[PDB]
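Undergrad:
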């Protein structure tokens, strides 16, 4: 198993 | 450069990636995960994790409102940190405090520490990463990579920028290990 989850976009 | 770091983290120019899963021991004895694990005690047990470092302590939509007594009598040693995953943040104000805890953590012989946050993607990897540098003599491009290789991560550029400074304190104090 292995979900996509989120988030980090660092600007 | 922080740019030097962005590329270690991307997959060319632009694509950072996200955690295929909620917890990953990124270095022996040291695990980086998210909110749920943190709040899923029978798992921390099977994980034999004995210490928590909530690097995103609080009640906002971006914090985990856990706390000391929450971990009481399942006997898990706790340490909270009310940080903000924003470039403004000087998370680099808690490096020692954190490293100092991770060290006491490891010192027990079956010592396992869960450093976590919300997503286990910024605030969290960041502390951990800083612990490798001043505590395992590793240069920034290095810890990022181990950590990165072990978990899909992506710190904001502020946090990035904070590590570089760290890199040259150390490097120029001959604290490195090139």
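Residue numbers (the deposited numbering), protein chains in the order written: chain D, 4 to 14; chain A, 8 to 185. All residues carry an ideal CB built from backbone N, CA and C; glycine is no exception.
Can you tell which of 52(A), 122(A), 145(A) and 184(A) has its C-alpha closest to the C-alpha of residue 134(A)?
TA: Checked all of 52(A), 122(A), 145(A) and 184(A); the closest Cα to residue 134(A) is 122(A).
Undergrad: Please list the partners that residue 28(A) has in chain D, where partner means a Cβ-to-Cβ separation under 9 Å.
TA: What residue 28(A) touches in chain D: 4, 5, 6 and 8.
Undergrad: Mind reading off the beta-carbon distance from residue 174(A) to residue 146(A)? Whole number of angstroms is fine, and I expect it under 8 Å.
TA: Rounded, the Cβ-Cβ distance is 6 Å, consistent with contact.
Undergrad: What residue range is occupied by the uninterrupted beta strand (DSSP E) comprising residue 121(A)?
TA: That run of the beta strand (DSSP E) goes 120-123.
Undergrad: What is the DSSP secondary structure of residue 87(A), counted as helix, strand or coil?
TA: Strand.
Undergrad: If the cut-off is 7 Å on Cβ atoms, which residues from the stretch 123-156 of chain A count as contacting chain D, listed in chain order?
TA: Residues 126, 128 and 129.
Undergrad: Are the beta-carbon atoms of residue 33(A) and residue 45(A) separated by less than 8 Å?
TA: In this structure, residue 45(A) does not lie closer than 8 Å to residue 33(A) by Cβ.
Undergrad: Consider the Cβ of residue 161(A): report whether some Cβ of chain D lies at a distance smaller than 8 Å.
TA: At least one chain D Cβ lies under 8 Å of residue 161(A).
Undergrad: So what's residue 11(D) in DSSP terms, helix, strand or just coil?
TA: Note: residue 11(D) maps to coil in three-state DSSP.
Undergrad: What distance in whole Å lies between the Cβ atoms of residue 29(A) and residue 43(A), which are believed to be in contact at a cut-off of 8 Å?
TA: With 8 Å as the limit, residue 43(A) and residue 29(A) qualify as a contact, their Cβ atoms being about 6 Å apart.
Undergrad: Measuring CA to CA, which of 183(A), 87(A), 99(A) and 57(A) is closest to residue 143(A)?
TA: Nearest of 183(A), 87(A), 99(A) and 57(A) to residue 143(A), Cα basis: 183(A).
Undergrad: Taking the alpha carbon of residue 41(A) as the reference point, which residue from 106(A), 23(A) and 73(A) has its own alpha carbon closest?
TA: For residue 41(A), the nearest C-alpha among the options comes from 73(A).
Undergrad: Along the chain, which unbroken stretches of the beta strand (DSSP E) at least 3 residues long are found entirely within the stretch 16-52 of chain A?
TA: Entirely contained in the stretch 16-52 of chain A, the beta strand (DSSP E) runs reaching 3 residues are, in chain order, 30-34 and 37-40.
Undergrad: Beta-carbon separation of residue 112(A) and residue 138(A) under 8 Å?
TA: Cβ atoms of residue 112(A) and residue 138(A): not closer than 8 Å.
Undergrad: Just list the residues that DSSP pairs residue 63(A) with in beta bridges.
TA: Residue 63(A) is bridged to 89(A).
Undergrad: With a threshold of 7 Å on Cβ separation, who are the neighbours of residue 152(A) within its own chain once the five nearest residues in sequence on each side are excluded?
TA: Excluding positions up to five away in sequence, the list reads 15.
Undergrad: Relative to the C-alpha of residue 154(A), which residue among 22(A), 9(A), 10(A) and 26(A) is closest?
TA: Per the Cα distances, 26(A).
Undergrad: Less than 7 Å between C-beta atoms, sequence neighbours within five positions excluded: which residues of the same chain meet that for residue 50(A)?
TA: Cβ within range, chain order: 44.
Undergrad: Around the Cβ of residue 68(A), are there at least 16 other Cβ atoms within 10 angstroms (buried) or fewer (exposed)?
TA: Result: exposed.
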